[PDB]
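In the block that follows, a single chain appears as structure tokens, in the form deposited in one PDB entry.
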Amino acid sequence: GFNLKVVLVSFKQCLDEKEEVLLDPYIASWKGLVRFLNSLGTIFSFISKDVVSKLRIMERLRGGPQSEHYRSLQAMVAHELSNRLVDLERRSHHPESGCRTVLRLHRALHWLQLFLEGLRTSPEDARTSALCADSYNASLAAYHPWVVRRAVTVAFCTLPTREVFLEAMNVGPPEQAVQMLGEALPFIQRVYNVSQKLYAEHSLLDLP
């Protein structure tokens, strides 16, 4: 009985009382997003492979000798920076740092949030190719080479309609799915904002 509503609302668990982003809950929530993306097939399932790999990087960090330093994004940043465990110019001495890894998860979260919000506010039976491509352009297209940008863009050229994506959320007919997103999306948005502010704060938005 998997449904997207539980996944989205689970993002509330990612922020504690002190507005810190907890990594374990964040990982769990992402696994739920990946399962939804996988259900879609084609381009979505393929791109989700990166997320899976990066989640496992974070799970290894969280299960290692410095585990508690990765309890929250806040703690991770303080640990890796103060101990110089993050490649600042190019990927070399710590190419899979928690900092640069979570950044890629965070960028992917941006794309997914825009896609979902785009679905929420689109007209019935809307084509979804434009929405997918624009959400991509506004999120992580800027980090891809031209030939990759072009390929992704065309990858969405023939996509199911808005209705299919909503019904895939398994929370009722389209209209109910739309209401659900209105209610649940705020939770992801909040986690994204704190994360974004954290990275902006330490000048980490362009880690290699």
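Between two forms, the rigid core is the largest collection of C-alphas that superpose within 1.5 Å. So that there is no doubt, residue numbering starts at 1 and follows the sequence shown.
A summary of the deposited B-factors shows that, of 183-191 and 14-22, the stretch with the larger mean C-alpha value is 14-22.
Per-stretch averaging of Cα B factors for 115-123 and 75-83 places 75-83 on top. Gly32: CA B factor lies in the lowest third for its chain, per the PDB record. When the CA B factors of the chain's modelled residues are split into thirds, the value for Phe46 lands in the middle one. Annotation for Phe156: C-alpha temperature factor in the highest third relative to the rest of the modelled chain, per the entry. In the PDB entry, a CA B factor belonging to the highest third of its chain's modelled residues is recorded for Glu175. In the PDB entry, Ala138 places in the middle third of its chain by CA B-factor.
One more form of this protein, deposited in another entry, exists but is not displayed; see below.
Core-superposed comparison between this form and the one not shown: among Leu61, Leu181, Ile27, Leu159, the single residue whose C-alpha moves by 2 Å or more is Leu159. With the core superposed, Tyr70 shows a C-alpha displacement below 2 Å between this form and the one not shown.
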